[PDB]
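Everything on this sheet refers to the single structure shown next.
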Amino acid sequence: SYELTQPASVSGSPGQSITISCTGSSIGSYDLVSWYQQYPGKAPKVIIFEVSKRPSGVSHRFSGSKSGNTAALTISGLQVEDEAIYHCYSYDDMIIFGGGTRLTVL
Amino acid sequence: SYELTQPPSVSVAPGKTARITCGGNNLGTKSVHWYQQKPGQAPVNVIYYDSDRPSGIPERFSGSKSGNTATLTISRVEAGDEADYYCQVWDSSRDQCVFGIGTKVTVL
Amino acid sequence: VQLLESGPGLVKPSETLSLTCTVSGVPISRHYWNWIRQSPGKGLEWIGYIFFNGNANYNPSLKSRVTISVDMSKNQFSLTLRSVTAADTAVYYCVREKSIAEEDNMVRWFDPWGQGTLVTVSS
Amino acid sequence: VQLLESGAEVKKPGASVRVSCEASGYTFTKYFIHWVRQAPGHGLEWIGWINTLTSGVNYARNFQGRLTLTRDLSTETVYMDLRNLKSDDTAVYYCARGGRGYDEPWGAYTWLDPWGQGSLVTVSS
Amino acid sequence: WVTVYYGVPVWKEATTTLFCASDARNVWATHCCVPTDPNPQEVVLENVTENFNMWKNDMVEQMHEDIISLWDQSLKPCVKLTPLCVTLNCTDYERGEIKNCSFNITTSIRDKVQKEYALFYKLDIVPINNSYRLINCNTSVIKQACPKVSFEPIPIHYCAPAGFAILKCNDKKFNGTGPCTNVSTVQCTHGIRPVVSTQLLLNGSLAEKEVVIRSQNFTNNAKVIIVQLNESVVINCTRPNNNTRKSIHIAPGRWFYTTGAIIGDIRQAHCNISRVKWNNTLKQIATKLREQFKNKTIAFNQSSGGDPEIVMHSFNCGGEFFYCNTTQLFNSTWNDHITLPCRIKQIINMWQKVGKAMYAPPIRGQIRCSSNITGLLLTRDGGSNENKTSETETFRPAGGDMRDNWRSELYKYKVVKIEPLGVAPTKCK
Amino acid sequence: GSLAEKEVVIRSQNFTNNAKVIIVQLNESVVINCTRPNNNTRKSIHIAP
Amino acid sequence: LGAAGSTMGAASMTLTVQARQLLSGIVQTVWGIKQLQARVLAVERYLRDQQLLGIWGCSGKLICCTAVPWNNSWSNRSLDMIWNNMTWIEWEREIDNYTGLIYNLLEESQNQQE
Amino acid sequence: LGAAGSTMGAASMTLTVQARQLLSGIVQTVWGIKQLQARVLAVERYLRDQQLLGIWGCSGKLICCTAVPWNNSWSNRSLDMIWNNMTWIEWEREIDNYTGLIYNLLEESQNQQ
Amino acid sequence: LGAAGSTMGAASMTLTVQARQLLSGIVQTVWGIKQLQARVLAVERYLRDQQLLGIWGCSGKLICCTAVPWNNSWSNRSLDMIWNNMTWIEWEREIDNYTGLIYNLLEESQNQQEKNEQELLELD
Ligand SMILES: *[C@@H]1O[C@H](CO)[C@@H](O[C@@H]2O[C@H](CO)[C@@H](O[C@@H]3O[C@H](CO[C@H]4O[C@H](CO)[C@@H](O)[C@H](O)[C@@H]4O)[C@@H](O)[C@H](O[C@H]4O[C@H](CO)[C@@H](O)[C@H](O)[C@@H]4O)[C@@H]3O)[C@H](O)[C@H]2NC(C)=O)[C@H](O)[C@H]1NC(C)=O
Ligand SMILES: *[C@@H]1O[C@H](CO)[C@@H](O[C@@H]2O[C@H](CO)[C@@H](O[C@@H]3O[C@H](CO[C@H]4O[C@H](CO)[C@@H](O)[C@H](O)[C@@H]4O)[C@@H](O)[C@H](O[C@H]4O[C@H](CO)[C@@H](O)[C@H](O)[C@@H]4O)[C@@H]3O)[C@H](O)[C@H]2NC(C)=O)[C@H](O)[C@H]1NC(C)=O
Ligand SMILES: *[C@@H]1O[C@H](CO)[C@@H](O[C@@H]2O[C@H](CO)[C@@H](O[C@@H]3O[C@H](CO)[C@@H](O)[C@H](O)[C@@H]3O)[C@H](O)[C@H]2NC(C)=O)[C@H](O)[C@H]1NC(C)=O
Ligand SMILES: *[C@@H]1O[C@H](CO)[C@@H](O[C@@H]2O[C@H](CO)[C@@H](O[C@@H]3O[C@H](CO)[C@@H](O)[C@H](O)[C@@H]3O)[C@H](O)[C@H]2NC(C)=O)[C@H](O)[C@H]1NC(C)=O
Ligand SMILES: *[C@@H]1O[C@H](CO)[C@@H](O[C@@H]2O[C@H](CO)[C@@H](O[C@@H]3O[C@H](CO)[C@@H](O)[C@H](O)[C@@H]3O)[C@H](O)[C@H]2NC(C)=O)[C@H](O)[C@H]1NC(C)=O
Ligand SMILES: *[C@@H]1O[C@H](CO)[C@@H](O[C@@H]2O[C@H](CO)[C@@H](O[C@@H]3O[C@H](CO)[C@@H](O)[C@H](O)[C@@H]3O)[C@H](O)[C@H]2NC(C)=O)[C@H](O)[C@H]1NC(C)=O
Ligand SMILES: *[C@@H]1O[C@H](CO)[C@@H](O[C@@H]2O[C@H](CO)[C@@H](O[C@@H]3O[C@H](CO)[C@@H](O)[C@H](O)[C@@H]3O)[C@H](O)[C@H]2NC(C)=O)[C@H](O)[C@H]1NC(C)=O
Ligand SMILES: *[C@@H]1O[C@H](CO)[C@@H](O[C@@H]2O[C@H](CO)[C@@H](O[C@@H]3O[C@H](CO)[C@@H](O)[C@H](O)[C@@H]3O)[C@H](O)[C@H]2NC(C)=O)[C@H](O)[C@H]1NC(C)=O
Ligand SMILES: *[C@@H]1O[C@H](CO)[C@@H](O[C@@H]2O[C@H](CO)[C@@H](O[C@@H]3O[C@H](CO)[C@@H](O)[C@H](O)[C@@H]3O)[C@H](O)[C@H]2NC(C)=O)[C@H](O)[C@H]1NC(C)=O
Ligand SMILES: *[C@@H]1O[C@H](CO)[C@@H](O[C@@H]2O[C@H](CO)[C@@H](O)[C@H](O)[C@H]2NC(C)=O)[C@H](O)[C@H]1NC(C)=O
Ligand SMILES: *[C@@H]1O[C@H](CO)[C@@H](O[C@@H]2O[C@H](CO)[C@@H](O)[C@H](O)[C@H]2NC(C)=O)[C@H](O)[C@H]1NC(C)=O
Ligand SMILES: *[C@@H]1O[C@H](CO)[C@@H](O[C@@H]2O[C@H](CO)[C@@H](O)[C@H](O)[C@H]2NC(C)=O)[C@H](O)[C@H]1NC(C)=O
Ligand SMILES: *[C@@H]1O[C@H](CO)[C@@H](O[C@@H]2O[C@H](CO)[C@@H](O)[C@H](O)[C@H]2NC(C)=O)[C@H](O)[C@H]1NC(C)=O
Ligand SMILES: *[C@@H]1O[C@H](CO)[C@@H](O)[C@H](O)[C@H]1NC(C)=O
Ligand SMILES: *[C@@H]1O[C@H](CO)[C@@H](O)[C@H](O)[C@H]1NC(C)=O
Ligand SMILES: *[C@@H]1O[C@H](CO)[C@@H](O)[C@H](O)[C@H]1NC(C)=O
Ligand SMILES: *[C@@H]1O[C@H](CO)[C@@H](O)[C@H](O)[C@H]1NC(C)=O
Ligand SMILES: *[C@@H]1O[C@H](CO)[C@@H](O)[C@H](O)[C@H]1NC(C)=O
Ligand SMILES: *[C@@H]1O[C@H](CO)[C@@H](O)[C@H](O)[C@H]1NC(C)=O
Ligand SMILES: *[C@@H]1O[C@H](CO)[C@@H](O)[C@H](O)[C@H]1NC(C)=O
Ligand SMILES: *[C@@H]1O[C@H](CO)[C@@H](O)[C@H](O)[C@H]1NC(C)=O
Ligand SMILES: *[C@@H]1O[C@H](CO)[C@@H](O)[C@H](O)[C@H]1NC(C)=O
């Protein structure tokens, strides 16, 4: 939704490092874009806190970046198990979620 | 209160060291400060403790204290150092500043 | 940093002397204030010290007639001598007092000595 | 920590639905609770929140006048009462804990860790 | 050489327990309070800087905890009303505002069934025919406040224990956090009346020059904005319904006090607020908000919350708990008398404490209280609209967190511990 | 609890008085696997207010 | 407190009277418990400082001379900067990290090594 | 306790005899609370006096030399009239009027000046 | 604190070393009562020793001078037999029933009479 203009999908081979991004412009007023991951049939979960803080239970493969209007998630060493829909979370006096990017693994 | 006594004057050749003394009762047990006054000018501290010089004052200035005597030592005295040099102590029994007589240093 | 003296420059015999000195930088509550005078041809004579609070002391030769005021709002101080004589002709110096907290109150020579203002007493 | 939605429901247009969400494993009053819906083809839409201690609320503009969010402290449960349901409202409605503890500068935002399983509400003629 | 000094003028932020002081029946009493200092002269810490923070201020937390404790201790020994949690036979005696309810006390004293009646407000009655339950009959215990105990908002001063000091910020327009330049040291705080209210703050202090609006973060719309006025507005409220008290013997030795009869007619409770003072005050508030939000329009709207305590304005006049309708006041748009109807309740879920409730006995009616409007608790709630709506911000009444009322009076204070020892280099032995 | 450092040791206040409890401390632990595999679920009853 | 914003040197000139000894007693149910605990703690704090000064052989003195040379690795500042520039608050913070060390040195040098 | 009914001179020995910590001793939830509170208060009183003595320049002194001359408005009499006649009880009753004055003078003369 | 088995002389050589005080704490409603009582008593014990040393004329110095003669009703054992042939524990037991007596005597001579003598010097 709004500025969180995520690509419809991404893909790559196992072991490939890939990037998912929304790079919405309304970042600076909150100065924060967090990330969520969701599996089909399941509730979404937080993978990244604030900007690039990885909580317990989340793999080191997942590390984001924020800069200017940049808002991105990099998944290093892509696993089959990482197939999911990924989303940007932002705020502009209200919570805005991105449409999501569908990640598949080749 | 407290006695600080200095000779009226000393005299050195240019380039020689002046030994400007100050005496008093157990003067060496008190912090002894010295200052330089150019005629017509406000004075400046040249030393505040044994071997402790303030910034802004050149290496010519040194001095020390022992026993009942304090000495201001000025090596390589320049004509520009012709001045009245004085000693100072604080007298805690009166809680007052005590100044010495002042020694005129002549540079030949 | 700088201390600048001022005053009538000339007072009459039997006139009370009042000298106001301004502190240009650091607020006056930071250090102790002190006045010293030098009669022409003489060495230094300490007058007294004051502070932000009521901690003060004076030279017994003047003590019964001397106070120094504090103006915190303007960073000013003023030396007042209720004397009558021409023997008080002197250069008055505005100095700030520094010290090290040791036994016997080892007060430092007053580094920021000021410029000195000559006060003449004459009819 | 767990958070559990009531099950799925089916309504006709011009209807209303009541969806509960039960909290467990943490002090209810320590965190804000947000509601979000997942609409097919649209990703996620934030709807609103409650304070849980004071039942202060915030609702998105398109829910004002139709959505009420309330709570019952004695059961540590929050409810969504939504009226004037349209077929356009078919979505999975989820609850989650907002932020961090209430007493934090951004404590209402950036978490949503315990998302519940989500309750599908279908509205259809 | 390391020299040891004692009596050194330094301190560190620290927490300790503060104590009650009052001028010297009421709950604020000398078993918990001591006499005040008639001359608590401030000491200015000339040229020091201190960082203050009204949020996350433990003085607020203590005020909250002790007020709760005092209330619990005060109600602890009072009459349980549990014997009355039976089905009521209710009819009437604005319309059916007050109902005449009949019931069977089947235990009481001496194990005889006693037919009895009482007059209750509809707000304390739950349908279950014309059969009703008490609003908090089950799931909690309702106790009657003791008739001998008053809860008057006597200004309370908090005082530091020896070894501690309270620093106070005298800066004008302090925004609630950050450095304060004009810092003074005090022995005790100013007296703060422990007044409890929701939406609108009563009998607090006033701002020195202008209305000052404080927030932890204005962007974060989840936070409460505290508005302190520099001019008060006086409002007088009343409960005109003259009545008689009925003493019912419920407990083996104790008594329940209810309303037995109404004298004269029934009229809705109300508050009288000036038309002029109110909208002039809003103009001032709106001006400050316009500055804070960069010229977007300021609008005032109604509470949309789910708590009866919040959607209605809430206060206590004498022993009568009032729920007043303020939708009439928060209804305006600021770019470039008023009678508020009220309701009365007998069962109060004070503190949002689960499992507890209290009952408020009648005080014979014809009560009017004048009070000072000193500030507001409100929140902003719009967002995600830069390309969707016009540039208008909307604010609505907010509250229910009692710590906000107390925070608004403690914003200028901090507690520190005095640390008299320290060391420094010297030249001595 | 704790184990004896070298060997099983036996302590008593008195060994002829049979009314005393003999405390035997082992120098090795024995591990016991206890379980109740009978699966259940909880019922919440509103007993009192 | 007092002129805490003054330099350390200036502040020390009134150290004698800053040390006003504003202790409870000389100045003069859960509530009962809290009130009692507070009195006990005030006593413990008072004694703790007196005990420590006793350990260092500083009891009875406002200003106590040590047997420990100043260790300059604790700070690069000259006496002039320390005493006639910095305040006591600033100073203690600069050397707050060496407090335990300093205390240990004072205890040994004034008692075990004399 | 001891020869309270004796002249102050005689009592100069009594004085030190009774300077025991009579404020402390060995004995061995309401009753426990009442006694604990009493014990804490006894400690505060003890310290209050020790602190006051330190303030006046008295430490470990049962007889402490002062820096304040006796002021005759304070029931002067004579030295033999008190040391060899009046008891401490009687004496203090006459001096009670000046207690605050005396304490202020003791602090300033012995230590502050 | 392991010198207890050493002789009195040997152990006294380390009183300074072992004068650990152990007064400063660390980590600075019935259980609350019990612990509060424990803290109060610890303070009381501390103060009792300090008050007692003060009443005897002791400065805090670990070994105090005296003004009371030792006598044979307490012990007629020679000094080597006491200081080098015994531990402190044994010694304390040997003279334990004279503790009250000795303490009263220490007080009477070293500080009660001595202070009276000091007043006489001040009068002069
Ligand atoms: C009441 O009024 C006072 C002024 O009188 C305000 O005081 C200060 O306000 C600033 C506001 O920014 C406070 O916070 C500062 O945050 C900066 C963050 O920048 C980095 O991080 C952000 C994300 O968090 C990135 O977007 C950004 O690109 C940067 O990477 C810090 O850098 C600041 O520290 C620096 O400057 C200060 C001087 O201002 C120096 O002292 C520091 O050493 C450092 O160089 C700073 O932390 C600031 O903390 C407030 N001061 C105090 C004492 O609190 C109040 O904020 C205002 N309050 C309200 C409610 O309005
Ligand atoms: C754990 O191991 C220890 C040994 O390390 C055992 O301890 C011994 O236990 C016995 C039984 O209780 C004790 O025996 C007593 O001896 C007394 C005499 O002691 C003096 O004389 C002997 C002479 O050989 C010296 O060795 C000794 O040092 C003393 O100088 C008797 O008086 C005792 O009672 C008898 O006399 C009284 C008189 O009034 C009668 O009333 C009694 O009925 C009885 O006849 C008794 O016999 C022995 O002293 C203990 N040794 C030590 C070193 O203390 C523990 O028992 C053991 N524990 C277990 C659980 O097994
Ligand atoms: C002690 O008092 C002094 C004097 O008031 C305080 O310092 C002063 O701080 C203000 C800023 O709050 C300075 O004003 C402005 O400074 C900027 C930057 O140089 C300049 O561009 C502006 O035009 C304006 O002058 C003021 O100059 C400064 N004065 C001095 C002498 O430093 C000081 O902060 C106080 N300290 C404490 C601990 O309270
Ligand atoms: C209830 O609230 C109203 C405001 O909403 C108060 O209104 C006015 O308050 C003032 C001060 O109490 C009254 O002033 C008095 O006016 C008379 C006029 O004859 C004058 O003689 C007195 O000296 C005094 O100035 C005023 O009457 C009153 N009414 C008006 C005109 O608005 C009112 O007092 C409040 N009533 C209470 C106390 O509950
Ligand atoms: C603070 O808020 C209170 C509302 O709780 C304001 O009203 C005051 O309320 C008390 C009762 O709680 C009134 O006292 C009572 O008066 C009746 C008179 O018949 C007497 O029978 C009772 O025993 C009791 O004394 C008090 O008069 C009333 N004050 C006013 C001006 O109406 C209070 O005024 C607010 N402001 C301040 C500064 O406290
Ligand atoms: C407090 O907030 C509510 C909610 O935003 C405000 O009510 C809203 O008012 C607007 C303007 O009158 C309504 O928009 C228009 O309504 C007409 C008639 O139904 C429709 O044909 C237009 O297409 C458009 O929707 C809006 O529907 C209405 N919302 C609700 C839930 O009632 C209210 O005016 C605000 N009050 C204050 C004092 O700010
Ligand atoms: C709302 O707050 C104001 C204060 O901002 C309260 O004003 C009070 O007004 C009365 C006079 O009507 C003052 O009493 C007088 O004080 C002078 C003091 O010099 C004395 O000489 C007179 O004999 C008389 O006692 C009262 O002090 C003043 N209160 C304060 C705190 O200054 C007003 O009553 C408050 N209204 C409500 C409803 O709470
Ligand atoms: C438990 O308590 C009993 C009774 O007090 C202790 O009994 C003692 O046992 C020893 C060894 O059997 C006896 O020693 C010998 O007894 C024969 C008797 O014919 C005698 O001829 C020998 O000369 C020698 O005394 C001892 O008398 C007997 N005790 C009496 C008072 O105590 C037993 O040892 C205790 N056990 C433990 C573990 O404490
Ligand atoms: C209670 O008062 C009585 C009467 O004054 C005290 O008894 C005796 O008092 C005299 C002084 O007045 C003591 O001094 C000696 O008197 C004898 C008289 O023969 C004289 O020869 C000596 O040179 C000396 O002056 C006398 O010792 C004392 N007698 C006794 C048995 O004590 C009595 O002491 C007072 N009670 C207390 C506790 O002080
Ligand atoms: C409280 O502050 C407001 C600030 O707006 C005061 O109202 C007047 O505001 C105008 C600007 O719109 C200024 O020109 C006037 O000088 C302000 N008047 C005063 C007295 O400050 C309002 O009057 C203040 N109230 C009180 C009691 O001081
Ligand atoms: C624990 O204690 C037992 C005795 O209670 C020890 O048993 C030893 O067993 C061997 C034969 O396997 C014998 O030769 C030894 O003489 C026994 N020792 C003793 C003291 O009885 C056993 O080894 C001990 N366990 C450990 C780990 O030390
Ligand atoms: C001040 O004390 C510290 C801590 O004991 C000393 O720090 C280090 O000491 C080791 C030897 O034990 C040296 O190898 C390090 O190089 C020292 N580090 C630093 C920064 O000095 C320190 O030397 C002492 N300084 C003085 C002047 O006595
Ligand atoms: C003892 O001290 C008092 C207090 O200073 C002296 O009496 C005061 O005298 C002034 C006038 O000079 C009066 O205004 C005070 O009211 C008096 N106070 C009291 C308590 O009497 C007194 O003269 C001194 N006496 C001696 C012998 O020194
Ligand atoms: C109360 O009880 C009477 C007698 O059974 C019945 O006639 C009346 O309708 C009841 N009223 C209500 C409100 O239940
Ligand atoms: C109405 O009040 C009367 C007393 O006037 C009482 O007898 C009757 O039972 C009450 N009716 C109800 C329904 O409570
Ligand atoms: C009391 O109980 C009797 C018997 O069941 C019933 O007829 C009567 O209406 C009840 N009265 C009330 C007030 O509930
Ligand atoms: C609003 O402000 C105007 C200013 O002219 C005033 O006349 C009016 O009484 C105020 N209040 C209301 C409710 O209209
Ligand atoms: C702005 O203010 C003017 C004058 O009060 C008014 O005519 C206009 O309608 C307002 N516009 C908005 C955005 O409310
Ligand atoms: C003194 O300065 C040097 C850098 O020139 C630094 O490495 C050293 O750690 C400093 N020492 C202290 C005590 O601050
Ligand atoms: C002061 O003297 C009067 C008698 O003139 C007496 O009543 C009063 O109690 C005395 N004050 C004190 C503190 O003893
Ligand atoms: C020891 O001193 C006490 C107390 O003075 C005395 O009673 C006893 O007779 C003395 N004994 C010897 C042997 O000197
Ligand atoms: C004190 O009494 C105990 C018990 O009788 C005894 O063991 C100890 O040796 C006694 N001390 C003296 C000096 O008699």
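So you can find residues: chains in the structure tokens are A, B, ... in the order shown, residues in each start at 1, and ligands are numbered from 1 in order.
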Could you give me, as JSON lines, every chain G residue with an atom at most 9 Å from chain H, plus its closest atom pair and distance in Å to one decimal, counting only C-alpha atoms, rows ordered by chain then number?
```
{"residue": "G:16", "atom": "CA", "partner": "H:112", "partner_atom": "CA", "distance": 7.8}
{"residue": "G:17", "atom": "CA", "partner": "H:112", "partner_atom": "CA", "distance": 8.0}
{"residue": "G:21", "atom": "CA", "partner": "H:51", "partner_atom": "CA", "distance": 8.3}
{"residue": "G:23", "atom": "CA", "partner": "H:48", "partner_atom": "CA", "distance": 8.4}
{"residue": "G:24", "atom": "CA", "partner": "H:44", "partner_atom": "CA", "distance": 8.0}
{"residue": "G:25", "atom": "CA", "partner": "H:48", "partner_atom": "CA", "distance": 6.2}
{"residue": "G:26", "atom": "CA", "partner": "H:48", "partner_atom": "CA", "distance": 5.4}
{"residue": "G:32", "atom": "CA", "partner": "H:33", "partner_atom": "CA", "distance": 8.8}
{"residue": "G:33", "atom": "CA", "partner": "H:33", "partner_atom": "CA", "distance": 8.7}
{"residue": "G:36", "atom": "CA", "partner": "H:37", "partner_atom": "CA", "distance": 6.8}
{"residue": "G:39", "atom": "CA", "partner": "H:40", "partner_atom": "CA", "distance": 7.7}
{"residue": "G:40", "atom": "CA", "partner": "H:40", "partner_atom": "CA", "distance": 6.9}
{"residue": "G:43", "atom": "CA", "partner": "H:44", "partner_atom": "CA", "distance": 7.4}
{"residue": "G:60", "atom": "CA", "partner": "H:54", "partner_atom": "CA", "distance": 7.8}
```
When the cut-off is 9 Å and you count only C-alpha atoms and all ligand atoms, which residues lie near ligand 14, shown as a PDB file with N, CA, C and O atoms, in the first residue's frame?
```pdb
ATOM      1  N   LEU E  88     -33.011  -8.754  41.178  1.00  0.00           N
ATOM      2  CA  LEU E  88     -33.863  -7.636  41.519  1.00  0.00           C
ATOM      3  C   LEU E  88     -35.144  -7.606  40.674  1.00  0.00           C
ATOM      4  O   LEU E  88     -35.105  -7.860  39.464  1.00  0.00           O
ATOM      5  N   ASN E  89     -36.256  -7.197  41.317  1.00  0.00           N
ATOM      6  CA  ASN E  89     -37.593  -6.938  40.777  1.00  0.00           C
ATOM      7  C   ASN E  89     -37.695  -5.418  40.544  1.00  0.00           C
ATOM      8  O   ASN E  89     -37.960  -4.672  41.486  1.00  0.00           O
ATOM      9  N   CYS E  90     -37.404  -4.908  39.306  1.00  0.00           N
ATOM     10  CA  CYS E  90     -37.270  -3.451  39.080  1.00  0.00           C
ATOM     11  C   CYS E  90     -38.326  -2.887  38.141  1.00  0.00           C
ATOM     12  O   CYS E  90     -38.593  -3.434  37.069  1.00  0.00           O
ATOM     13  N   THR E  91     -38.826  -1.702  38.498  1.00  0.00           N
ATOM     14  CA  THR E  91     -39.773  -0.982  37.649  1.00  0.00           C
ATOM     15  C   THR E  91     -39.257   0.409  37.232  1.00  0.00           C
ATOM     16  O   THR E  91     -38.603   0.545  36.195  1.00  0.00           O
ATOM     17  N   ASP E  92     -39.579   1.436  38.015  1.00  0.00           N
ATOM     18  CA  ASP E  92     -39.223   2.835  37.718  1.00  0.00           C
ATOM     19  C   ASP E  92     -39.022   3.583  39.040  1.00  0.00           C
ATOM     20  O   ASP E  92     -39.186   2.964  40.081  1.00  0.00           O
ATOM     21  N   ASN E 100     -36.915   1.741  41.133  1.00  0.00           N
ATOM     22  CA  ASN E 100     -37.344   1.210  42.414  1.00  0.00           C
ATOM     23  C   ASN E 100     -37.305  -0.310  42.289  1.00  0.00           C
ATOM     24  O   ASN E 100     -38.105  -0.899  41.549  1.00  0.00           O
ATOM     25  N   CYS E 101     -36.289  -0.930  42.931  1.00  0.00           N
ATOM     26  CA  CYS E 101     -36.010  -2.355  42.858  1.00  0.00           C
ATOM     27  C   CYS E 101     -36.282  -3.021  44.191  1.00  0.00           C
ATOM     28  O   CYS E 101     -35.810  -2.597  45.256  1.00  0.00           O
ATOM     29  N   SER E 102     -37.010  -4.111  44.106  1.00  0.00           N
ATOM     30  CA  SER E 102     -37.369  -4.933  45.236  1.00  0.00           C
ATOM     31  C   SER E 102     -36.604  -6.230  45.229  1.00  0.00           C
ATOM     32  O   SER E 102     -36.318  -6.823  44.183  1.00  0.00           O
ATOM     33  N   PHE E 103     -36.227  -6.677  46.394  1.00  0.00           N
ATOM     34  CA  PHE E 103     -35.470  -7.897  46.492  1.00  0.00           C
ATOM     35  C   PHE E 103     -35.634  -8.625  47.814  1.00  0.00           C
ATOM     36  O   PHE E 103     -36.143  -8.070  48.788  1.00  0.00           O
ATOM     37  N   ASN E 129     -39.163 -10.404  30.762  1.00  0.00           N
ATOM     38  CA  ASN E 129     -39.253 -10.286  32.205  1.00  0.00           C
ATOM     39  C   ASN E 129     -38.674  -8.906  32.584  1.00  0.00           C
ATOM     40  O   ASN E 129     -38.289  -8.133  31.693  1.00  0.00           O
ATOM     41  N   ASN E 130     -38.653  -8.586  33.897  1.00  0.00           N
ATOM     42  CA  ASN E 130     -38.124  -7.343  34.475  1.00  0.00           C
ATOM     43  C   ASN E 130     -37.143  -7.684  35.586  1.00  0.00           C
ATOM     44  O   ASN E 130     -37.111  -7.032  36.642  1.00  0.00           O
ATOM     45  N   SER E 131     -36.386  -8.755  35.351  1.00  0.00           N
ATOM     46  CA  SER E 131     -35.396  -9.263  36.286  1.00  0.00           C
ATOM     47  C   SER E 131     -34.030  -8.676  36.005  1.00  0.00           C
ATOM     48  O   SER E 131     -33.581  -8.675  34.849  1.00  0.00           O
ATOM     49  N   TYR E 132     -33.371  -8.187  37.058  1.00  0.00           N
ATOM     50  CA  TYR E 132     -32.053  -7.574  36.910  1.00  0.00           C
ATOM     51  C   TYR E 132     -30.962  -7.983  37.919  1.00  0.00           C
ATOM     52  O   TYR E 132     -31.225  -8.285  39.075  1.00  0.00           O
TER      53      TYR E 132
END
```
* To do: Please identify every polymer residue within 9 Å of ligand 5, using only C-alpha atoms and all ligand atoms, and present the set as number ranges by chain.
  => E: 150-155, 193, 195-196, 202-204, 236-237, 315-319, 366-372
* To do: Can you pull out every residue within 7 Å of region 44-54 of chain C, counting only C-alpha atoms, but drop anything in the same chain fewer than 6 positions away, and send it as number ranges by chain?
  => B: 97, 99; C: 29, 32-38, 68, 70
Output C-alpha atoms of each residue in that selection to a file, as a JSON list (two decimals), in the first residue's frame.
```json
[["chain", "number", "residue", "atom", "x", "y", "z"],
["B", 97, "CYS", "CA", 46.81, 36.89, 51.07],
["B", 99, "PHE", "CA", 52.65, 39.51, 49.61],
["C", 29, "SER", "CA", 29.60, 32.34, 40.21],
["C", 32, "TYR", "CA", 36.19, 33.71, 43.75],
["C", 33, "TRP", "CA", 36.42, 37.44, 43.42],
["C", 34, "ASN", "CA", 39.17, 39.52, 44.87],
["C", 35, "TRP", "CA", 40.46, 43.11, 45.08],
["C", 36, "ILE", "CA", 44.08, 44.19, 45.52],
["C", 37, "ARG", "CA", 45.58, 47.68, 45.43],
["C", 38, "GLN", "CA", 49.00, 49.11, 44.76],
["C", 68, "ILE", "CA", 32.59, 44.18, 47.98],
["C", 70, "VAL", "CA", 28.02, 41.04, 43.88]]
```
* To do: Might you pull out every residue within 7 Å of region 61-67 of chain I, with only C-alpha atoms counted and same-chain residues fewer than 3 positions away left off, and present them as a PyMOL selection string?
  => chain I and resi 58+106+109-110
* To do: Write as a list in words the residues around ligand 13, taking 8 Å as the cut-off and counting only C-alpha atoms and all ligand atoms.
  => residues 70, 71, 72, 73, 74, 98 and 101 of chain H
